[PDB]
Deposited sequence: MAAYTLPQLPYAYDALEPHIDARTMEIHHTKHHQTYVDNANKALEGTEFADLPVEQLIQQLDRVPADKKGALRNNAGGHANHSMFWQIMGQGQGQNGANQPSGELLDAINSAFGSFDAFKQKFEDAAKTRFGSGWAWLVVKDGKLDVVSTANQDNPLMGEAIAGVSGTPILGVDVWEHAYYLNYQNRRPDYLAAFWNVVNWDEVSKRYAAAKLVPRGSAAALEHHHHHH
């Protein structure tokens, strides 16, 4: 009962042809639903069912030892997907965020290449992230459903994500099959930079 599946900000076909509608529906109603269901099961009987998911995943070292794995995977899955839907919409940043991107990466085009590289070289399942770390932007990747908010010890990297892309094969296989780089190029067309900017201002 802790978490519910969030509604999408747009119809399943709103991100076409960049992301197919069938993928959106399955990704949402099956994959994301499963993380919600399994996180809920894991949270029953604990003192952690009342925390927002993004706070729970920052407290994985405090949960019961036998629940840590399940919560890392499933609360991570829920946090990651919840953000993912919101940072897309039906294309460049501006204002303070663009300035930060320019400073950290040289240019928006250079940032894109770095972000794409991190996504491409992530072997197996996982995510690539733009994070705010000590007030500065960086590009990182994580395995499976790990999130940089989980911290160094668990996720391998840290910082507050403001943008992420799902590079699990489920995110792209129906439309792109093996062609992850084509998926990643097409992703830039659906990023909601207004939402990413809101998250940057917040993280700063």
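- Numbering the deposited sequence from 1, one finds several regions with no C-alpha coordinates, namely 1, 92-98, 213-229.
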